[PDB]
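Working notes, beginning with the structure itself.
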Protein chains: 2
Amino acid sequence: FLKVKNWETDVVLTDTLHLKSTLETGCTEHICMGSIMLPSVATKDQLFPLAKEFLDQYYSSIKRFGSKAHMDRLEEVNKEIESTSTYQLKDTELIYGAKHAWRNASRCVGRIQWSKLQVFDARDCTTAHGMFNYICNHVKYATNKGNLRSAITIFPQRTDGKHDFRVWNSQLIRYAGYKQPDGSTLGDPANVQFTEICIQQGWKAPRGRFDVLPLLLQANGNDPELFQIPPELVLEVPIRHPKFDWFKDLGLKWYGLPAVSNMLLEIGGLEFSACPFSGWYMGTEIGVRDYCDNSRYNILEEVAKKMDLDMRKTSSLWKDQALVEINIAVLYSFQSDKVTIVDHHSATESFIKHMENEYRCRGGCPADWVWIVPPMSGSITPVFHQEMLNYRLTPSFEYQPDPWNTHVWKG
Amino acid sequence: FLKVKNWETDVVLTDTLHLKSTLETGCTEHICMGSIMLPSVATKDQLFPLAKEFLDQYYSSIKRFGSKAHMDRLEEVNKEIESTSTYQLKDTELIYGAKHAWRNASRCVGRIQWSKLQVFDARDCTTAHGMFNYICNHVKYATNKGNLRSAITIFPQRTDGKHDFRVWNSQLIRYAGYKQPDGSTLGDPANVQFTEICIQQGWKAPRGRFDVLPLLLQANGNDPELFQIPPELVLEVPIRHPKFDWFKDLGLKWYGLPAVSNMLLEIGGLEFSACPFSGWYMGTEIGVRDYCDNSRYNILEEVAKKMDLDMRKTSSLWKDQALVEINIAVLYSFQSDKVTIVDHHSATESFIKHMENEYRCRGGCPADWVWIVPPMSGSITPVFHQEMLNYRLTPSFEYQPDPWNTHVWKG
Ligand code: HEM
Ligand code: HEM
Ligand SMILES: N=C(Nc1ccc(CCNCc2cccc(NC(=N)c3ccon3)c2)cc1)c1ccon1
Ligand SMILES: N=C(Nc1ccc(CCNCc2cccc(NC(=N)c3ccon3)c2)cc1)c1ccon1
Ligand SMILES: C[C@H](O)[C@H](O)[C@H]1CNc2nc(N)[nH]c(=O)c2N1
Ligand SMILES: C[C@H](O)[C@H](O)[C@H]1CNc2nc(N)[nH]c(=O)c2N1
Ligand SMILES: OC[C@@H](O)[C@H](O)[C@@H](O)CO
Ligand SMILES: OC[C@@H](O)[C@H](O)[C@@H](O)CO
Ligand SMILES: [Zn+2]
């Protein structure tokens, strides 16, 4: 029964939810790995406890734990795992598991919204063209003309392992990255391997900066196929500043819709390798990381130039000064276009408010401080001063290798 | 043999030093506590392994592991722990243990300087007046007319537990905190309990803001006594800005010398409860935390006012904008007065450079990411992108309770 403190408010919360945790963190009693970025087919013996555990808390959730329908559903799944050595979720079980994977995502500061999620059951899908159709419907729905709405699209579960639905893009909407003859990089350096895989598969690149990539969709373990998202469905925010008119001349823009596609959704021991989920941006992921990581767009040089800043010295904080201006601009631009975005102050406050709820009506909230704390102005946000217990609860979103590293090709 | 990655540079380092770790982190395989702020008399049975371990690595250090002088010193300490159930360090062992406590301080970003430390052996001290004399000599030396130099002053080790040397101040130089009739707080809210303990012991407060506190010095477990550091030894930097002339009218100032006094130094199983250590400031501890924590001086309201900023909305980032300006001012002011200070960019770079050294010539470097990452502009500093293994090596600096919570008074 562990205790977490907030040192800005002296609020104390007691955590008993971590007791239900099952999987391992990477840490031991004699070494903490809380800052390691990635922490490291299934038999039917392994599958029933996972279905049992999941189904016990799903029925416990709708205030019908143990009754007739529960014992029947345990027997039902038990029988089906005998018959097929897998099983199939109810539409309701699928929506519970999804929402709860997000709920348990300990690196996610947006989780106050975990219950307002739209689940698109795509488990009838059989082809890359069918995948393309489902994804476009996702983008159109979630985008909602800038009034963004959270959603996930769930393609068929892994079965054997050699018939896996995968979206090879990291995000449904990502800008291309091309290297140059002079070793420099145009576009997003993050995506240069994937941009060239698409070119390898016959993409015809417009070789500029903010080039929306095509989807590469793998269906039933087959070789993946290229599909360009119709551009009318790709909402983009051009970035201007509410003071600096030269900021328009910078010619920056980002897409409205963050939609992660390269993650694995685990529900009752069943693995969905294709499960793109979308919400909206916290401002910092664009202005700080995307725009200012040295290995990303890396624009601190140019914004500081136009700001007329002392760039000779490290200690002028010219990087810091241009970093605040850049994030003022992303927020201002997104908001003037009525496109949903949250600032790192409002986002982190809501997450403390969420934390109170989870500790009250659930007895805890797994949280990864290293990822929860925004990448600028850390300690003026309330989560800096908030102790967080990290533990792994299921249903969950897991990392998975890139398909081109694992795919036996044959074509 | 664990591996840590840097994701900005793709540099990889292998850690075998953590194997020598002994004490526990608070984390288990199923729960990470890397963001909990505090992680929770000794018999002669317990003391020899600790002396043995320490002495084995000290002789291993001067390239004389196992030789005659080593076996004699093990026998010597062994015999003395039989005779007294404690023992005494050589002047050289005391300097090694001190430097290495700092070296192993995993929350310290300044550790590239760990070998350049001045050890003042105060183990002959017997009185609060003697403590006062040693501390003033520390301040004068370490301050060095603004060309700051690192030092530690080590008072006699804990023996029984009821005769403890303690400095009741958190830092040798701290500004006073007074509450008001209207519940507000003048000075440093952090120190309000300690400011009133001093007033309780007859301090005569000048009840303003930046009131240097008196020392409260406990000697050989006796009741502590008040001594005002001669003000000529208290170097102070008035804070101005290199653009905003109204910044002078803000009337801010900080002391040059950070000198922690409330920590416990552990060497070969021997506990020094009074061991004030001093270095110099990273700019952010003043501009970000001291000046802008909500529960500290909390000046973001006033700087943003004078900056003429949109304070209506959270999403204007007016807090962020005034936070960069404030830290530009602290650095600029300290540097114009030739008083040593480091900026959070230079400090964090040096710590990566230090990390390379420790992994090369020592096989590892314990590091606490939660504390290493500066509290503003986190991800534009190179330590944001650097994985860090945290583990507890000894010699070490440990937290300890406040004396007024533990002191059996009798006066
Ligand atoms: C609703 C608005 C949302 C906001 C403001 C938000 C915010 C964030 C942010 C800032 C991060 C850190 C990402 C990074 O720095 O790489 C993150 C991570 C994450 N989010 Fe949320 N998110 C939202 C919606 C969602 C949804 C709908 C899901 C799942 C259905 C989700 C699941 C996750 C997961 C699993 C991570 C961890 C990813 C990783 O470990 O790389 N989020 N979120
Ligand atoms: C030489 C210049 C130094 C710099 C720039 C520096 C920097 C820092 C900073 C910024 C912190 C975080 C403090 C906080 O946020 O509360 C810290 C913590 C710490 N420093 Fe260093 N420091 C220096 C010297 C020293 C010395 C001389 C020692 C010991 C002999 C030391 C031992 C520690 C310890 C033990 C902590 C952890 C304190 C805690 O857990 O509360 N440092 N340092
Ligand atoms: N893995 C490498 N880099 C790498 C790759 C990925 C990451 C994590 C990035 N997740 C992106 C992400 C996840 C979750 C939420 C958001 N944002 C939202 N707001 C949102 C999006 C959808 O809903 N809400 C963004 C971090 C580093 C690597 C390996 C070798 O080199 N680089
Ligand atoms: N413990 C509480 N607060 C609290 C108390 C202390 C801390 C840690 C503060 N260490 C101060 C510190 C330690 C080490 C280095 C520096 N700086 C230097 N540059 C330097 C100083 C000397 O050499 N180098 C500063 C954090 C929070 C509490 C309990 C109840 O309420 N509050
Ligand atoms: C080394 C470190 O673990 C790595 O930089 C992490 C730190 N915290 C992060 N936090 C978020 N939200 N996103 C990230 O990519 C990272 N990267
Ligand atoms: C809750 C959290 O552990 C707490 O705010 C920590 C975070 N990191 C820190 N880092 C430093 N350097 N100093 C601090 O006081 C803290 N406080
Ligand atoms: O929204 C996530 C952003 O794309 C970045 O933070 C990535 O983590 C890589 O920099
Ligand atoms: O130098 C340390 C500063 O005094 C603060 O960071 C304290 O941690 C409390 O805010
Ligand atoms: Zn841990």
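Chain labels A, B, ... are given in the sequence in which chains occur in the structure tokens; within each chain residues are numbered consecutively from 1, and ligands are likewise numbered from 1 in the order shown.
In chain A, the set of residues within 6 Å of chain B (atoms considered: only C-alpha atoms) is residues 24, 25, 27, 28, 29, 30, 31, 32, 33, 34, 35, 36, 315, 343, 375, 376, 377, 378, 379, 387, 388, 389, 390 and 391 of chain A.
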Generate a file of the selected residues that holds N, CA, C and O atoms, formatted as a compact mmCIF listing (two decimals), in the first residue's frame.
```
# COMPACT_ATOMS: atom_id res chain seq x y z
N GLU A 24 6.73 -7.13 -15.59
CA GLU A 24 7.94 -6.62 -14.97
C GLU A 24 8.37 -5.30 -15.60
O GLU A 24 8.09 -5.03 -16.78
N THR A 25 9.03 -4.46 -14.79
CA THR A 25 9.38 -3.10 -15.18
C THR A 25 10.76 -2.97 -15.83
O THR A 25 11.01 -1.98 -16.53
N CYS A 27 13.33 -2.86 -13.71
CA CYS A 27 14.07 -2.48 -12.51
C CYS A 27 14.18 -3.66 -11.55
O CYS A 27 13.35 -4.57 -11.55
N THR A 28 15.21 -3.63 -10.73
CA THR A 28 15.34 -4.56 -9.62
C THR A 28 15.45 -3.75 -8.34
O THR A 28 15.40 -2.51 -8.36
N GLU A 29 15.58 -4.45 -7.21
CA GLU A 29 15.82 -3.73 -5.96
C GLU A 29 17.13 -2.95 -5.98
O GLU A 29 17.25 -1.94 -5.28
N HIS A 30 18.10 -3.37 -6.80
CA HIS A 30 19.42 -2.74 -6.79
C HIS A 30 19.75 -1.99 -8.08
O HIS A 30 20.91 -1.60 -8.27
N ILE A 31 18.78 -1.77 -8.98
CA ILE A 31 19.03 -0.91 -10.13
C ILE A 31 17.73 -0.38 -10.71
O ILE A 31 16.78 -1.14 -10.99
N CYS A 32 17.66 0.93 -10.88
CA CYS A 32 16.50 1.56 -11.47
C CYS A 32 16.79 1.85 -12.93
O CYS A 32 17.84 2.43 -13.25
N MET A 33 15.87 1.44 -13.79
CA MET A 33 15.96 1.63 -15.23
C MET A 33 14.83 2.51 -15.74
O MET A 33 14.45 2.43 -16.91
N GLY A 34 14.31 3.39 -14.89
CA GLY A 34 13.22 4.27 -15.26
C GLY A 34 13.48 5.24 -16.40
O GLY A 34 12.57 5.95 -16.83
N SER A 35 14.73 5.31 -16.88
CA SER A 35 15.06 6.18 -18.01
C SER A 35 15.53 5.42 -19.24
O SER A 35 15.95 6.05 -20.21
N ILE A 36 15.49 4.09 -19.22
CA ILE A 36 15.71 3.32 -20.44
C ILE A 36 14.47 3.44 -21.31
O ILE A 36 13.34 3.25 -20.82
N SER A 315 25.35 30.45 -22.83
CA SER A 315 24.72 31.02 -21.64
C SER A 315 23.83 32.23 -21.92
O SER A 315 23.31 32.81 -20.96
N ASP A 343 -2.14 22.88 -24.45
CA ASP A 343 -0.84 23.43 -24.07
C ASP A 343 -0.31 22.61 -22.90
O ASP A 343 -1.08 21.95 -22.19
N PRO A 375 8.67 18.40 -22.17
CA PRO A 375 10.10 18.61 -22.47
C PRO A 375 10.57 20.06 -22.43
O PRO A 375 11.71 20.34 -22.83
N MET A 376 9.75 20.98 -21.96
CA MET A 376 10.19 22.34 -21.68
C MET A 376 9.46 22.79 -20.43
O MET A 376 8.39 22.25 -20.10
N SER A 377 10.03 23.77 -19.75
CA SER A 377 9.45 24.35 -18.54
C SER A 377 8.95 23.27 -17.57
O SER A 377 7.88 23.38 -16.98
N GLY A 378 9.75 22.21 -17.42
CA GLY A 378 9.33 21.10 -16.59
C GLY A 378 8.76 21.51 -15.24
O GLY A 378 7.64 21.12 -14.89
N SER A 379 9.51 22.31 -14.47
CA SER A 379 9.11 22.46 -13.08
C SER A 379 8.10 23.57 -12.86
O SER A 379 7.55 23.67 -11.77
N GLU A 387 5.03 12.93 -7.37
CA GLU A 387 5.57 11.58 -7.38
C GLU A 387 4.62 10.63 -8.11
O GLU A 387 3.40 10.74 -8.00
N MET A 388 5.20 9.69 -8.84
CA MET A 388 4.44 8.77 -9.67
C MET A 388 5.02 7.38 -9.53
O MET A 388 6.23 7.19 -9.71
N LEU A 389 4.16 6.42 -9.20
CA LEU A 389 4.47 5.00 -9.25
C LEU A 389 4.23 4.49 -10.66
O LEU A 389 3.13 4.65 -11.20
N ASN A 390 5.25 3.88 -11.26
CA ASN A 390 5.10 3.25 -12.56
C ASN A 390 5.01 1.74 -12.37
O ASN A 390 5.80 1.15 -11.62
N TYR A 391 4.01 1.15 -13.01
CA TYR A 391 3.81 -0.29 -13.04
C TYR A 391 3.00 -0.61 -14.29
O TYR A 391 2.41 0.28 -14.92
```
Worksheet item: Quick one: residues within 9 Å of ligand 2, with only C-alpha atoms and all ligand atoms, as number ranges by chain?
Response: B: 37-38, 98-114, 116-118, 148-152, 258-260, 263, 265, 275-285, 289, 341-344, 347, 371-372, 374-375, 396-399
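Atom to atom, atom CA of residue B:123 and atom CA of residue B:154 stand 6.4 Å apart.
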Worksheet item: Any idea what's packed within 9 Å of residue A:404, counting only C-alpha atoms, ignoring anything in its chain fewer than 4 positions away? Could you give it as JSON, numbers by chain?
Response: {"A": [168, 197, 408, 409]}
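The residue that comes closest to residue B:272, out of B:166, B:79, B:140, B:338 and on the basis of only C-alpha atoms, is B:166.
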Residues near residue A:124, anyone? I mean within 12 Å using only C-alpha atoms, not counting same-chain ones fewer than 3 positions away, as a PDB file with N, CA, C and O atoms, in the first residue's frame.
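around21.pdb written:
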```pdb
ATOM      1  N   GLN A  88     -12.197 -15.080 -29.526  1.00  0.00           N
ATOM      2  CA  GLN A  88     -12.695 -13.856 -30.133  1.00  0.00           C
ATOM      3  C   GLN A  88     -13.404 -13.013 -29.082  1.00  0.00           C
ATOM      4  O   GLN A  88     -14.176 -13.531 -28.275  1.00  0.00           O
ATOM      5  N   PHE A 120     -13.269   1.434 -33.507  1.00  0.00           N
ATOM      6  CA  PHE A 120     -13.687   0.929 -34.803  1.00  0.00           C
ATOM      7  C   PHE A 120     -13.204  -0.507 -34.916  1.00  0.00           C
ATOM      8  O   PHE A 120     -11.995  -0.763 -34.993  1.00  0.00           O
ATOM      9  N   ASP A 121     -14.150  -1.435 -34.889  1.00  0.00           N
ATOM     10  CA  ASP A 121     -13.878  -2.855 -35.054  1.00  0.00           C
ATOM     11  C   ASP A 121     -13.614  -3.108 -36.538  1.00  0.00           C
ATOM     12  O   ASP A 121     -14.542  -3.106 -37.353  1.00  0.00           O
ATOM     13  N   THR A 127      -7.711  -7.364 -46.565  1.00  0.00           N
ATOM     14  CA  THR A 127      -6.852  -6.902 -47.650  1.00  0.00           C
ATOM     15  C   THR A 127      -6.259  -5.539 -47.306  1.00  0.00           C
ATOM     16  O   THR A 127      -6.759  -4.809 -46.441  1.00  0.00           O
ATOM     17  N   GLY A 130      -8.817  -3.036 -48.090  1.00  0.00           N
ATOM     18  CA  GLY A 130      -9.720  -2.904 -46.952  1.00  0.00           C
ATOM     19  C   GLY A 130      -9.103  -2.133 -45.793  1.00  0.00           C
ATOM     20  O   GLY A 130      -9.785  -1.360 -45.110  1.00  0.00           O
ATOM     21  N   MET A 131      -7.810  -2.337 -45.542  1.00  0.00           N
ATOM     22  CA  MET A 131      -7.138  -1.537 -44.518  1.00  0.00           C
ATOM     23  C   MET A 131      -7.181  -0.063 -44.882  1.00  0.00           C
ATOM     24  O   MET A 131      -7.563   0.785 -44.067  1.00  0.00           O
ATOM     25  N   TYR A 134     -10.506   1.406 -44.110  1.00  0.00           N
ATOM     26  CA  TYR A 134     -10.751   1.621 -42.683  1.00  0.00           C
ATOM     27  C   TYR A 134      -9.971   2.829 -42.153  1.00  0.00           C
ATOM     28  O   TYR A 134     -10.533   3.673 -41.439  1.00  0.00           O
ATOM     29  N   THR A 153      -8.640   2.054 -34.462  1.00  0.00           N
ATOM     30  CA  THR A 153      -9.135   1.113 -35.462  1.00  0.00           C
ATOM     31  C   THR A 153      -8.390  -0.193 -35.282  1.00  0.00           C
ATOM     32  O   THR A 153      -7.164  -0.225 -35.423  1.00  0.00           O
ATOM     33  N   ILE A 154      -9.118  -1.264 -34.988  1.00  0.00           N
ATOM     34  CA  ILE A 154      -8.526  -2.532 -34.568  1.00  0.00           C
ATOM     35  C   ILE A 154      -8.683  -3.568 -35.678  1.00  0.00           C
ATOM     36  O   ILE A 154      -9.798  -4.035 -35.943  1.00  0.00           O
ATOM     37  N   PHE A 155      -7.568  -3.962 -36.293  1.00  0.00           N
ATOM     38  CA  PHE A 155      -7.532  -4.989 -37.331  1.00  0.00           C
ATOM     39  C   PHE A 155      -7.348  -6.367 -36.709  1.00  0.00           C
ATOM     40  O   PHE A 155      -7.095  -6.482 -35.504  1.00  0.00           O
ATOM     41  N   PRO A 156      -7.514  -7.444 -37.494  1.00  0.00           N
ATOM     42  CA  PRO A 156      -7.568  -8.789 -36.903  1.00  0.00           C
ATOM     43  C   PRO A 156      -6.358  -9.130 -36.042  1.00  0.00           C
ATOM     44  O   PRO A 156      -5.225  -8.719 -36.312  1.00  0.00           O
ATOM     45  N   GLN A 157      -6.610  -9.926 -35.012  1.00  0.00           N
ATOM     46  CA  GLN A 157      -5.559 -10.273 -34.080  1.00  0.00           C
ATOM     47  C   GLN A 157      -4.531 -11.183 -34.736  1.00  0.00           C
ATOM     48  O   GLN A 157      -4.831 -11.929 -35.681  1.00  0.00           O
ATOM     49  N   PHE A 165      -1.510  -8.473 -39.613  1.00  0.00           N
ATOM     50  CA  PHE A 165      -1.843  -7.152 -40.126  1.00  0.00           C
ATOM     51  C   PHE A 165      -0.895  -6.145 -39.498  1.00  0.00           C
ATOM     52  O   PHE A 165      -0.774  -6.094 -38.271  1.00  0.00           O
ATOM     53  N   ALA A 219      -1.394  -6.883 -44.981  1.00  0.00           N
ATOM     54  CA  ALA A 219      -2.632  -7.563 -44.627  1.00  0.00           C
ATOM     55  C   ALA A 219      -2.414  -9.070 -44.636  1.00  0.00           C
ATOM     56  O   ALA A 219      -1.821  -9.611 -45.571  1.00  0.00           O
ATOM     57  N   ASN A 220      -2.869  -9.728 -43.571  1.00  0.00           N
ATOM     58  CA  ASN A 220      -2.758 -11.180 -43.395  1.00  0.00           C
ATOM     59  C   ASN A 220      -1.353 -11.693 -43.716  1.00  0.00           C
ATOM     60  O   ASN A 220      -1.167 -12.722 -44.373  1.00  0.00           O
TER      61      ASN A 220
END
```
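With distances restricted to only C-alpha atoms, B:17 is the closest residue to residue B:394 from B:355, B:17, B:74, B:2.
With only C-alpha atoms as the atoms that count, the minimum distance from residue A:216 to the choices A:235, A:173, A:229, A:167 is reached by A:167.
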